[PDB]
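Asks: here is my input; please provide its structure:
(6 chains, ligands or ions: 100)
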Amino acid sequence: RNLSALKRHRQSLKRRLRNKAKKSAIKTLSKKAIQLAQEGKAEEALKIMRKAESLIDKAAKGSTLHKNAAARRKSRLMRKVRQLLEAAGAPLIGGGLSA
Amino acid sequence: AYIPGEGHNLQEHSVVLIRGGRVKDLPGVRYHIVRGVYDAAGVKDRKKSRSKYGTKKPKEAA
Amino acid sequence: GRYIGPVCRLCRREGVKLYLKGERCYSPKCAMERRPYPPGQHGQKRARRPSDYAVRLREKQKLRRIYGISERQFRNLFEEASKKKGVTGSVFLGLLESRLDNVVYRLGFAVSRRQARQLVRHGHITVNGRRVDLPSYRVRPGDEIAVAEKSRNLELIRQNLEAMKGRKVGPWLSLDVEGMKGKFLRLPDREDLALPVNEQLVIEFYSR
Amino acid sequence: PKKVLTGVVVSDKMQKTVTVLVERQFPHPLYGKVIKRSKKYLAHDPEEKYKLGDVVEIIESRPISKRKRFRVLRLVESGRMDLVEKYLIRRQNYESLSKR
Amino acid sequence: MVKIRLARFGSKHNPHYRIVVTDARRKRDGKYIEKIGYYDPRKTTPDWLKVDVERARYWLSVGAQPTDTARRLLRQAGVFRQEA
RNA sequence: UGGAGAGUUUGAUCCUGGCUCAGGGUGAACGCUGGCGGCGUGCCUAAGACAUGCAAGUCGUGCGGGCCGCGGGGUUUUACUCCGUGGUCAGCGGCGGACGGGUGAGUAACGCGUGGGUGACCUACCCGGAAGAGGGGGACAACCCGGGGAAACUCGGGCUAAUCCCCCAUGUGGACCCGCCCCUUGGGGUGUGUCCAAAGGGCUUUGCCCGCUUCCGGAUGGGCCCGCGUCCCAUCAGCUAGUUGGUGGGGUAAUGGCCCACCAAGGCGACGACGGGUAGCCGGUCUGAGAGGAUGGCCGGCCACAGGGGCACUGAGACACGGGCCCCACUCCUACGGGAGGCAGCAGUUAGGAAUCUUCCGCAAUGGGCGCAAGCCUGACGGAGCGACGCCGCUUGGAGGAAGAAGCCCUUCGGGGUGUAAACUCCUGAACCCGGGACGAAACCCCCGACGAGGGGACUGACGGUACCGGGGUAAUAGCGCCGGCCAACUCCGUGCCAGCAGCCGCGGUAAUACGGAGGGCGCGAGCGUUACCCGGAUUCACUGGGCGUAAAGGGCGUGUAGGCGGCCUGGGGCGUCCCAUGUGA
Ligand SMILES: [Mg+2]
Ligand SMILES: [Mg+2]
Ligand SMILES: [Mg+2]
Ligand SMILES: [Mg+2]
Ligand SMILES: [Mg+2]
Ligand SMILES: [Mg+2]
Ligand SMILES: [Mg+2]
Ligand SMILES: [Mg+2]
Ligand SMILES: [Mg+2]
Ligand SMILES: [Mg+2]
Ligand SMILES: [Mg+2]
Ligand SMILES: [Mg+2]
Ligand SMILES: [Mg+2]
Ligand SMILES: [Mg+2]
Ligand SMILES: [Mg+2]
Ligand SMILES: [Mg+2]
Ligand SMILES: [Mg+2]
Ligand SMILES: [Mg+2]
Ligand SMILES: [Mg+2]
Ligand SMILES: [Mg+2]
Ligand SMILES: [Mg+2]
Ligand SMILES: [Mg+2]
Ligand SMILES: [Mg+2]
Ligand SMILES: [Mg+2]
Ligand SMILES: [Mg+2]
Ligand SMILES: [Mg+2]
Ligand SMILES: [Mg+2]
Ligand SMILES: [Mg+2]
Ligand SMILES: [Mg+2]
Ligand SMILES: [Mg+2]
Ligand SMILES: [Mg+2]
Ligand SMILES: [Mg+2]
Ligand SMILES: [Mg+2]
Ligand SMILES: [Mg+2]
Ligand SMILES: [Mg+2]
Ligand SMILES: [Mg+2]
Ligand SMILES: [Mg+2]
Ligand SMILES: [Mg+2]
Ligand SMILES: [Mg+2]
Ligand SMILES: [Mg+2]
Ligand SMILES: [Mg+2]
Ligand SMILES: [Mg+2]
Ligand SMILES: [Mg+2]
Ligand SMILES: [Mg+2]
Ligand SMILES: [Mg+2]
Ligand SMILES: [Mg+2]
Ligand SMILES: [Mg+2]
Ligand SMILES: [Mg+2]
Ligand SMILES: [Mg+2]
Ligand SMILES: [Mg+2]
Ligand SMILES: [Mg+2]
Ligand SMILES: [Mg+2]
Ligand SMILES: [Mg+2]
Ligand SMILES: [Mg+2]
Ligand SMILES: [Mg+2]
Ligand SMILES: [Mg+2]
Ligand SMILES: [Mg+2]
Ligand SMILES: [Mg+2]
Ligand SMILES: [Mg+2]
Ligand SMILES: [Mg+2]
Ligand SMILES: [Mg+2]
Ligand SMILES: [Mg+2]
Ligand SMILES: [Mg+2]
Ligand SMILES: [Mg+2]
Ligand SMILES: [Mg+2]
Ligand SMILES: [Mg+2]
Ligand SMILES: [Mg+2]
Ligand SMILES: [Mg+2]
Ligand SMILES: [Mg+2]
Ligand SMILES: [Mg+2]
Ligand SMILES: [Mg+2]
Ligand SMILES: [Mg+2]
Ligand SMILES: [Mg+2]
Ligand SMILES: [Mg+2]
Ligand SMILES: [Mg+2]
Ligand SMILES: [Mg+2]
Ligand SMILES: [Mg+2]
Ligand SMILES: [Mg+2]
Ligand SMILES: [Mg+2]
Ligand SMILES: [Mg+2]
Ligand SMILES: [Mg+2]
Ligand SMILES: [Mg+2]
Ligand SMILES: [Mg+2]
Ligand SMILES: [Mg+2]
Ligand SMILES: [Mg+2]
Ligand SMILES: [Mg+2]
Ligand SMILES: [Mg+2]
Ligand SMILES: [Mg+2]
Ligand SMILES: [Mg+2]
Ligand SMILES: [Mg+2]
Ligand SMILES: [Mg+2]
Ligand SMILES: [Mg+2]
Ligand SMILES: [Mg+2]
Ligand SMILES: [Mg+2]
Ligand SMILES: [Mg+2]
Ligand SMILES: [Mg+2]
Ligand SMILES: [Mg+2]
Ligand SMILES: [Mg+2]
Ligand SMILES: [Mg+2]
Ligand SMILES: [Zn+2]
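Replies: Residues are numbered from 1 along each chain as shown, chains lettered A, B, ... in the order given. Ligands and ions are numbered 1, 2, ... in the order given. Take a look:
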């Protein structure tokens, strides 16, 4: 009785979860780095931000996040984590930052 | 509404069609009735201005 | 369609012969000769002074009744004229005269424009080699109107074509009587025919 | 080109923001008489320098805020509380139009 | 992609296209960016085809894409005949 | 190159002033009448409710399977695979489904129109430019499996390929933080650190082609912002809590009070806020001498909506008419065991209405989607159909034909009229019959050349045997309005303030050019009238272009706020104003 390209929606369902799943990981990881960069642990912090950075762009290639959004994320991120580690912290690694 | 011409066929419950155009003589009336439409019929044995008066053309020969 | 029926009532009414029949409207008795008074029961009665409107009216009809066309086709030409250049009025006659069926009357292929029309309509007439059956054709300079082949003969043409030997056809006209063909040469200036009409009034009329 | 306008300040009462009053002269579409008009603008002063009277210029800019799309250009003629008063009495007189 | 194609004009049974540039998702009589000549597919006139052949290649340069029945009327205008 | 007026207040005059007609226009409708063709045009009302068909699909040159085939791999007893081969049904993946099509409800607003902005931004497919495709793992359908369901089917159980998914790697190149560099509102350059790429399928195979991934351009399409313009009621005069600004955040392709905190107390309005009423805006369109006034229907541009609402997903792109979830209203199916639908798409039905059509043909052409391409889909479109709804073109004949029959009208009974009208005589000949017969179609493809440039060669016409061409060939529908003045066209009879007419002034009271019929006449003609509405006339909202002593109109008189207006001279500025050039004005 109808168009069988309703798949186009059923297709969306996968693309929905798939790109949704990655997207939760992005933030829950992004979570970590922030808390850590606030408690001096600039070591384990920039291990995550380095992981954060990769998590984003890796989805950016695909159809999830795109454009200046990764940039907008990553910016305000290392625009912040570093601006936390100013609380002594000591740049345990430039392993994220062109310090 | 005004009923024009000579005689008609309108009792009470008779469907009609309203035209537009007062009478001037009769105050309050502002509308005419078109003839030969719905339950109001044309003027019988009228030969001249049959465009009004909803009167169809009569046969002249035989 | 066109006017059909009582014509000679119109050489009169307008009160001036307008040569609308064949030879009759040219023979001693053109609906006016015998009775040069308006038609109907009220014919031999003294006219009352016309209105200015009435005066303008009669003048227009006259002209139209001469060329014998619908009021439809007629006024388009007036506005067309009215829109054009300079005199944007008197030019009118030029547009009236460019009518195929009109020309054919002047070219003496026929005698009544009514007779002319039935030819064009029956397509006994050709233009530049083209079977042209449309009495409204605005012909122009150098266009050529000739009898078609299936009709070069025909009793009705010959005598109608023949009797033309006598008069100087219009300045804007030309005719190979033997060759059965004519040429629209030019646009007939107002000069080129003093019609019994005062076209000034037709203008005045149509600007109601 | 970005629009360029010239007007008087009537409000400094916003933080780092001001209100510029712009006039314009032109003839009336039908009656041709040459007439004036006014529009207020909320101008950006990210260093609240400009103040009451500062006859200044402003320039169309990216949306700083709602209602607020003009940055100040430059002072032209500071101290003009005389023009300001016109705006003030006019708004004052409004009270005596209170439909009572 | 943007395109070059046949935009119908004239009348019923009296075709009279207008050769033109627009978006492939515009209407076939919709708004265009630039007209480049006409085409009566009924050869009712000498001037029954015309191109501004410079512009034609210009849009073709930047990335226009004519139709399987628009190139034919541009191939027939030496747009492709590319010298030696 | 463009401008006219008339009727009606009086016994009469001049003036004011209103009512009224003559003009043009319409998506029309209604009455009488109705021949043809063409090109247009057709739910203006219920954005009310819809039966049925159709309107969006495509590729086996992504992948794996079903069956049919396909010949024949080949056989310890009806096949067997083996691809390929087709084609096949779907599933997997890929692109389009966001265009096209409809509608005008909502919307007084940056929606539109026009001119600009973005150092504040995205743009798939197309084009150009720079470099790469190094390798490693896996899931779900399909098939199978049982369960459940009436179906809609549905859950669960089990394998598997790719251009599906993941990872390692590579890095031209890109992104992010800090630096300086230039430039300047987050533009460009670079330094270091850290993150990012992938894909294969087909062969005239050993070479090419269709694709893959990063970057910069181009072009196209946009998002956001700004200035100016955009209806009626002040008998709506005051409005405002995200209200206004700030700071910092959240969010987006990106600005912003867009959202959220916190801080400040601002923001708006007689230049008309706020509220109410109506409306989609424009190019245009109608009228007008113009200035204006009126209008937004078909066509084109943009906005908005897809039963009423809300929401997000996928995606380059939507918050999506023919995609998804939810609520409501409504209608339908059902073994009732429960489920289903969204015409403002094309036709069509109903209801409402004064009123608006075929449930037609074809992708032949144009355009659009997919594909290398054949080819496929296309109610876009190209045609046909219905309606005098409009414009245009054409016919119902032409020449002759009487001092001018008959009949019918008047009549001062002498006559006059209809009237060359008919008859009648010649001529042509709409229709109809026969034959022929299109244009609209040249490319995609094919040959050679490199499938490029090139010549060249080939298929296809729904409309349709249609128009048009030839021959033959028949005198072949006319109606409607008006005839007191304005306003063109007059006489008998009937009627007797009755029956009736009327746009205004007014006609009818036993002699009516005003009623009704008749004869005759005027006016248009497959049309003629009417009604409704817009503009004109109306210089009667008067800017062009008017008035206020007695015709309607000076505030009862002051003082004065805003506002409007401003004397004589010389400078600077050049806002208005004026000129030129240029872009824009589709
Ligand atoms: Mg997305
Ligand atoms: Mg009457
Ligand atoms: Mg002139
Ligand atoms: Mg578009
Ligand atoms: Mg070709
Ligand atoms: Mg004029
Ligand atoms: Mg009086
Ligand atoms: Mg009197
Ligand atoms: Mg008056
Ligand atoms: Mg008057
Ligand atoms: Mg006029
Ligand atoms: Mg009228
Ligand atoms: Mg038609
Ligand atoms: Mg309806
Ligand atoms: Mg209802
Ligand atoms: Mg159904
Ligand atoms: Mg759409
Ligand atoms: Mg659309
Ligand atoms: Mg429709
Ligand atoms: Mg409002
Ligand atoms: Mg308002
Ligand atoms: Mg790899
Ligand atoms: Mg089961
Ligand atoms: Mg399983
Ligand atoms: Mg594998
Ligand atoms: Mg990697
Ligand atoms: Mg930079
Ligand atoms: Mg990839
Ligand atoms: Mg293969
Ligand atoms: Mg777009
Ligand atoms: Mg708050
Ligand atoms: Mg903030
Ligand atoms: Mg911010
Ligand atoms: Mg988005
Ligand atoms: Mg204002
Ligand atoms: Mg007001
Ligand atoms: Mg409202
Ligand atoms: Mg509305
Ligand atoms: Mg307009
Ligand atoms: Mg005009
Ligand atoms: Mg005009
Ligand atoms: Mg105007
Ligand atoms: Mg308007
Ligand atoms: Mg309308
Ligand atoms: Mg419409
Ligand atoms: Mg439109
Ligand atoms: Mg509905
Ligand atoms: Mg959709
Ligand atoms: Mg939706
Ligand atoms: Mg929408
Ligand atoms: Mg639908
Ligand atoms: Mg429909
Ligand atoms: Mg009904
Ligand atoms: Mg219908
Ligand atoms: Mg139609
Ligand atoms: Mg097609
Ligand atoms: Mg095509
Ligand atoms: Mg293709
Ligand atoms: Mg194929
Ligand atoms: Mg189909
Ligand atoms: Mg079809
Ligand atoms: Mg169509
Ligand atoms: Mg017709
Ligand atoms: Mg009718
Ligand atoms: Mg007689
Ligand atoms: Mg007689
Ligand atoms: Mg005769
Ligand atoms: Mg004969
Ligand atoms: Mg044939
Ligand atoms: Mg083809
Ligand atoms: Mg070729
Ligand atoms: Mg060839
Ligand atoms: Mg035939
Ligand atoms: Mg014949
Ligand atoms: Mg006959
Ligand atoms: Mg005869
Ligand atoms: Mg009349
Ligand atoms: Mg008249
Ligand atoms: Mg008269
Ligand atoms: Mg008598
Ligand atoms: Mg009597
Ligand atoms: Mg009498
Ligand atoms: Mg009397
Ligand atoms: Mg009368
Ligand atoms: Mg009478
Ligand atoms: Mg009569
Ligand atoms: Mg008569
Ligand atoms: Mg004035
Ligand atoms: Mg006056
Ligand atoms: Mg005065
Ligand atoms: Mg008085
Ligand atoms: Mg007075
Ligand atoms: Mg006084
Ligand atoms: Mg006073
Ligand atoms: Mg008082
Ligand atoms: Mg003052
Ligand atoms: Mg002054
Ligand atoms: Mg002065
Ligand atoms: Mg200009
Ligand atoms: Zn005569």
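Asks: burial count for residue 29?
Replies: No chain specified, so I'll use chain A. 16 (other C-beta atoms under 10 Å in any protein chain shown). For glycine as for every other residue, the C-beta is placed from the backbone atoms N, C-alpha and C.
Asks: let's do chain B instead
Replies: Quick note: residue B:29 (other C-beta under 10 Å) scores 14 neighbours.
Asks: which ones are touching it?
Replies: Shown in contact with residue B:29 (C-beta atoms under 8 Å, 6 or more residues apart in numbering or on different chains): B:1, B:2, B:22, B:23.
Asks: what of residue A:77?
Replies: Residues near residue A:77 by C-beta under 8 Å, 6+ apart: A:30, A:33, A:49, A:52, A:53.
Asks: measure it to residue A:66 for me?
Replies: Counting by C-beta to C-beta, to the nearest Å, the gap from residue A:77 to residue A:66 is 17 Å.
Asks: ok, residue C:112 next?
Replies: In terms of C-beta to C-beta, residue C:112 sits 86 Å off from residue A:66.
Asks: what does residue C:142 give?
Replies: For residue C:142, the distance to residue A:66 - C-beta to C-beta - is 73 Å.
Asks: one step back: between the contacts of residue B:29, which is closest to residue C:4?
Replies: Distance to residue C:4 across the contacts of residue B:29 (C-beta to C-beta) is lowest for residue B:2, with 40.3 Å.
Asks: so the closest one touches residue B:33, yeah?
Replies: Yes - using C-beta atoms under 8 Å, residue B:2 is in contact with residue B:33, at 6.6 Å.
Asks: which residue of the two possesses the greater neighbour count?
Replies: Neighbour tally, residue B:2 and residue B:33, criterion other C-beta under 10 Å: the higher count belongs to residue B:33, 20 against 15.
Asks: who does that one form a beta bridge with?
Replies: Beta-bridge partners recorded for residue B:33 (DSSP bridges): residue B:18.
Asks: what sits against it?
Replies: So residue B:33 contacts B:1, B:2, B:3, B:4, B:16, B:17, B:18, B:19, B:40 (C-beta under 8 Å, 6+ apart).
Asks: show me the beta-bridge partners of the second one.
Replies: Right, the one you point to is residue B:2. Assigned bridge partners for residue B:2, using DSSP bridges, are residue B:32.
Asks: burial measure for residue 55, as a count.
Replies: All of this is about chain A. By the criterion of other C-beta under 10 Å, residue A:55 has 21 neighbours.
Asks: chain E is the one I meant
Replies: 15.
Asks: residue C:25 too?
Replies: 21.
Asks: residue C:112 and residue A:66: which is more packed in?
Replies: The residue with more neighbours, out of residue C:112 and residue A:66, is residue C:112; 18 against 11, by other C-beta under 10 Å.
Asks: do you know how far that one is from RNA strand F?
Replies: 3 Å (C-beta to the nearest atom of the strand, to the nearest Å).
Asks: and that residue, what does it touch?
Replies: Applying C-beta under 8 Å, 6+ apart to residue C:112 gives the contacts C:20, C:21, C:22, C:105.
Asks: would you mind checking these for buried ones?
Replies: Buried residues within the contacts of residue C:112, counting neighbours by 16 or more other C-beta atoms under 10 Å in any protein chain shown: C:20, C:21, C:105.
Asks: what about the last one, which helix or strand?
Replies: Looking back up the chat, that one is residue C:105. Counting by DSSP states H and E, the element that carries residue C:105 is helix C:100-106.
Asks: hmm, who's touching whichever helix or strand comes after that helix?
Replies: Once the chain leaves helix C:100-106, the next helix or strand it forms, by DSSP H and E, is helix C:113-121. For helix C:113-121, contacts defined as C-beta under 8 Å, 6+ apart pick out C:2, C:7, C:20, C:22, C:67-68, C:100-102, C:104-105, C:109-110, C:125, C:132-135.
Asks: tell me the contacts of residue 2?
Replies: With no chain named, the answer covers chain A. Counted by C-beta under 8 Å, 6+ apart, residue A:2 has zero contacts.
Asks: not what I meant, chain C
Replies: C:68, C:69, C:70, C:117.
Asks: now these as JSON lines including secondary structure and neighbour count?
Replies: Below are the contacts of residue C:2 laid out as JSON lines (DSSP: H, G, I helix; E, B strand; the rest coil; neighbours: other C-beta atoms under 10 Å in any protein chain shown):
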{"residue": "C:68", "secondary structure": "coil", "neighbour count": "21"}
{"residue": "C:69", "secondary structure": "coil", "neighbour count": "21"}
{"residue": "C:70", "secondary structure": "coil", "neighbour count": "12"}
{"residue": "C:117", "secondary structure": "helix", "neighbour count": "22"}
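Asks: turn the contacts of residue B:33 into JSON lines, including distance to residue C:32.
Replies: Output for the contacts of residue B:33, formatted as JSON lines (distance: C-beta to C-beta, whole Å):
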{"residue": "B:1", "distance to residue C:32": "53"}
{"residue": "B:2", "distance to residue C:32": "49"}
{"residue": "B:3", "distance to residue C:32": "50"}
{"residue": "B:4", "distance to residue C:32": "44"}
{"residue": "B:16", "distance to residue C:32": "54"}
{"residue": "B:17", "distance to residue C:32": "50"}
{"residue": "B:18", "distance to residue C:32": "52"}
{"residue": "B:19", "distance to residue C:32": "46"}
{"residue": "B:40", "distance to residue C:32": "51"}
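Asks: so how do I select the buried members of those in ChimeraX?
Replies: With 16+ other C-beta under 10 Å as the criterion, this ChimeraX line picks the buried residues out of the contacts of residue B:33:
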select /B:40
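Asks: before we move on, what SS does residue C:25 have?
Replies: helix (DSSP: H, G, I helix; E, B strand; the rest coil).
Asks: I'd like to know how far the residue in chain A positioned nearest to ligand 100 sits from residue A:9.
Replies: Relative to ligand 100, the nearest point of chain A is residue A:3 (78.3 Å; C-beta to the ion). Distance, residue A:3 to residue A:9, by C-beta to C-beta: 11 Å.
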